[PDB]
């Protein structure tokens, strides 16, 4: 990890594309191993956000496994996004109530 | 993962926005796959909108797949521009109430 | 041994016992059965029973480690449209056969109930399969009417050629229609001419 | 004789006894197992499972009394990158098989405990080997990502060629992507183009 | 003492799997 | 051989609900979803997100009951009678929720997900508002749906 | 050129077994499996994890068919929980 | 031109035995030995003393592999103290 | 060019059996059936439902003859009610 992070400087975060909001700061504690959309729907339903997707899911699922305890939803989504790095993407438009899940496009 | 996670800023995410026409504002139901331009025409006339297209549709058709049973036409258009990607794009002018398919 | 025959004494016993059971509940919901499966609603103009079409999503066969092959979406025309006389029912597909055998120590009694259970639930699976068969049929001709509505398949293009009084001094036929189905239903491939319905 | 069969009565007994034991502690730390071995984190863009690369230092083979041959440093690409469907687990590598046999004087009792111990610890070694196998795998694909980060190996260079609606009047496929992996990962040899990261 | 309300007749698996047959083809009909 | 019982008995289950509603801590058992409402007064002290001692027998036998079902997600919210400032009753409830959630997550949880929050009796179930922390609007509530 | 998928996937997409198949006794779950020719084809809606298919398949509604190599022991993820599943035959 | 080393050294560099090997029962120490083909390959971190390998090998972390002629009796130095080690098979 | 119908339909249009036929024992109903050559020809006035004929036929008065494949079990609709019918032979 060190040698990757020094051969490549990280330029940006993902909090600018996932900022927080009141009712996004509820907390949750999760274990998971399944696919992604079931999980994100459960999040958006507890977060009272409409959940939508963009693009088409590939045949091989992107499967993640998140395991954390007493932690808020915004960076729940941040590390989900990280765990599905470069196969999936999360954006939230909390001026609306929308969690959108973009797929990869191949 | 963080250091190899490249993303775009939502300032520079380049996608179509919601053009907020009230004729756009309605929920729909489409399951379909294939060439985009027919759907755009039929959704424009669903939306009481004129549909123009600029550019050439290629020999290989630009293909999509949309499977929604209850959803608004705008985010149909959002996904449709997303799956259009580099080959094509969507502009919506709700002042003139015309959607327009741009090729590349 | 004595074992296996006590089992097999049970096996057909519970099997046919189950078969008789499933046959009466078939009969009591017989109304409900065709009340679902009104085939004639699906049959065509010249009582052409329409073909059964098959859906496909994300058909990814990896060939191998080096190459994969996926359709997003796939259709299989099976059992092409044809002249039918009498339209299908379900009892053609679901009336389980029932025969009764009674033809022949604690292992006797318990393995007879073993096989009793065993024949029961293998018949249940059989039943399940029968149901699935009638599904895939019914859904298939639905999908024919679907893609016909979608311009994604073609009609049965026929020619009825008619004949007047036909026959000799010993035999005549006053009007002989003959009907050939010239062009069968088939998936069109120029998708440009399709029909893509938005709904509201 | 009676001896060796008392031993061998113990042998499989302790062996399978141990196998059942190791299987439950596998199960209770199953979370912890993949919690270590998140393979998908290591898999690639087109779920290409990455190859396993092998380290080498001071590889001195003396050929003989007259000539020796040493690398300072050595890399072995094994099990080249490939399309995977479902990413690996550990239970593929560590779930020890368990079967139960109970199938058959003081030498009987003591050599049965002898073999009881013996099957136990040969299973332990077996386990150990399983662990080592999953090491060398995991570390291997780590090292792939390493030298890929080091410019010391190449990517999997692929070509996805896509097809539109494919198929006939009875079968179509609306979109057929086929993906071939054109150029596999491989160790580059012009080391001038490498990537040598200092750290702080 | 405790009871959930809708205490029905005892069904069986046969007509059960008939029912999930039926509803699946049924809402195919709806959408269709 | 595979399971008849998944290590549980419905008799034990009903022994619970009988005795804990004899003890008044209210079990809703409704449709398929099951809920327990609890007065927060028996658990936290006055405006504290701080639990006491002999409570934990009761808290753990809650978790003992929670083991009785296959379940997926558990939501806990807490509510508190309005005390000082909307921020802090949010906070007090939120902390109250998260501390008992932490405790039972540490304890036996068969959920995959625990959602947690609480509000400052923003939705009081009584408007009989007898005071602060002896109100039933000072409370904590746990919902789940028994999975299959 | 690779093959598209199995068209027997289109059959086992729904509940028909393939022609000439053996009902693999699935115990512990709702997926049904047939031995066609060393190749189980399994229908499910669950998410196959351990063995990996030669061809995967889903319906319009997410019903998967997997043209799958022979396992005695099957892995799906159920709800982020993961299930082992035994087969017979 | 001599050979570089064994690449089976790269395998027994870590804890895999070579293909087709016999686990030599190592008693008295932490080194593990396989009979490949009259040639034990032994992994250790300890410092081999008596017999001498045909090929020596170490890891990135000092794990040695020695492609070693067959001894019943092995010598390492442990800490400036020296250990005899017995093998079986 | 297809055949018109059977002319044995013209015979079994009325109550003659075809030449060389076996009286199929009709139990439960008024229709009479003959086995000609695997092909039952059945006269009735009732409305044949399940099996479907190769040739159908009616009289001037609505008497049907159906040149029908072999069923043990026959379906007619009687009056919007539907009747199963057993045959023997």
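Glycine gets a Cβ as well: all are built from the backbone with ideal geometry, and neighbour counts include every protein chain shown. No value in this document is a laboratory result; all are computed from the given coordinates.
Quick look at the numbers
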| read-out | value |
| --- | --- |
| Peptides ranked, highest mean first, by Cβ atoms within 10 Å: ranges B:88-95, I:46-53, F:4-11, G:9-16 | G:9-16, I:46-53, B:88-95, F:4-11 |
| With Cα atoms, 0 to 90° folded angle of helix F:86-106 axis to chain F main axis | 20 degrees |
| Average partner coverage of G:11-19, which counts Cβ from other chains inside 10 Å | 5 |
| All Cα pairs of the stretch F:1-75, percent lying beyond 17 Å | 52 percent |
| Within 10 Å of each Cβ in B:36-43, the average number of Cβ atoms from other chains | 3 |
| Inverse mean reciprocal Cα-Cα distance (Kirkwood Rh) of chain G, Å | 12.8 Å |
| Computed FRET value (nearest 0.05) for residue A:104 with residue H:49, which takes r as the C-beta separation and R₀ as 56 Å | 0.50 |
| Exposure proxy order (Cβ contacts within 10 Å, fewest to most) of G:83, I:57 | G:83, I:57 |
| Kirkwood Rh, Cα atoms: Rg over Rh of the stretch C:58-200 | 1.19 |
| Mean separation of Cα contacts under 8 Å (6+ apart) over length of chain G, as relative contact order % | 28 percent |
| Nearest-first distances (nm) between copies at residue D:21, label 7 Å from Cα via Cβ | 4.7 |
| Chain B: antiparallel DSSP beta bridges as a percent of all, rounded to 5 | 75 percent |
| Cα→Cβ-extended label distance, 7 Å offset, between residue C:102 and residue C:30, nm | 2.7 nm |
| Span per principal axis, largest first, for the Cα atoms of the stretch I:40-89 (Å) | 28, 24, 15 |
| Once the Cα gyration tensor of the stretch A:37-81 is diagonalised, semi-axes √(5λ) in Å | 19, 15, 8 |
| Computed E for residue F:42/residue B:14 - FRET, C-beta separation, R0 60 angstrom, nearest 0.05 | 0.60 |
| Directionally averaged shadow of the protein assembly as shown, computed from the convex hull of its alpha-carbon atoms, nm² | 63.9 nm² |
| Shielding of A:11-18 by partner chains, average beta-carbon count, 10 Å | 3 |
| Within chain F, percent of DSSP bridges classed antiparallel, to nearest 5 | 75 percent |
| Inter-label distance, nm, simple model (7 Å from Cα along the C-beta direction), residue F:30/residue G:73 | 4.4 nm |
| Estimated [θ] at 222 nm from DSSP helical runs (n ≥ 4, -39500 (n - 2.57)) normalised by residues in the protein assembly as shown, nearest 500 | -9000 deg cm²/dmol |
| Of all chain D residues, the one whose C-beta is nearest the axis that brings D onto C, in angstrom | D:1, 71 |
| Sites residue C:133 and residue D:20 - FRET efficiency at Förster radius 51 Å, r taken between beta-carbons, to 0.05 | 0.75 |
| Two-decimal Rg/Rh across the stretch D:1-131, once Rg and the Kirkwood Rh are taken from alpha-carbon atoms | 1.18 |
| Isotropic mean projected area of the C-alpha convex hull, chain B (nm²) | 7.9 nm² |
| Using a 7 Å Cα-to-Cβ projection, residue I:28 label spacings across copies, nm, ascending | 4.7, 9.1 |
| Protection-proxy order for peptides B:2-9, G:71-78, each taking the mean of Cβ atoms within 10 Å per residue, highest first | G:71-78, B:2-9 |
| Cα-only Debye scattering, chain F: base-10 log of I(q)/I(0) at q = 0.17 Å⁻¹ | -0.96 |
| Inter-copy separations for residue C:82, label at 7 Å along Cα-Cβ, nm, ascending | 4.4 |
| Pairwise label distance in nanometres, residue F:18 with residue I:61, each label 7 Å out on the Cα-Cβ vector | 7.8 nm |
| Ordering of C:23-30, D:190-197, D:147-154, H:38-45 by burial proxy (mean other Cβ atoms within 10 Å per residue, highest first) | H:38-45, D:147-154, C:23-30, D:190-197 |
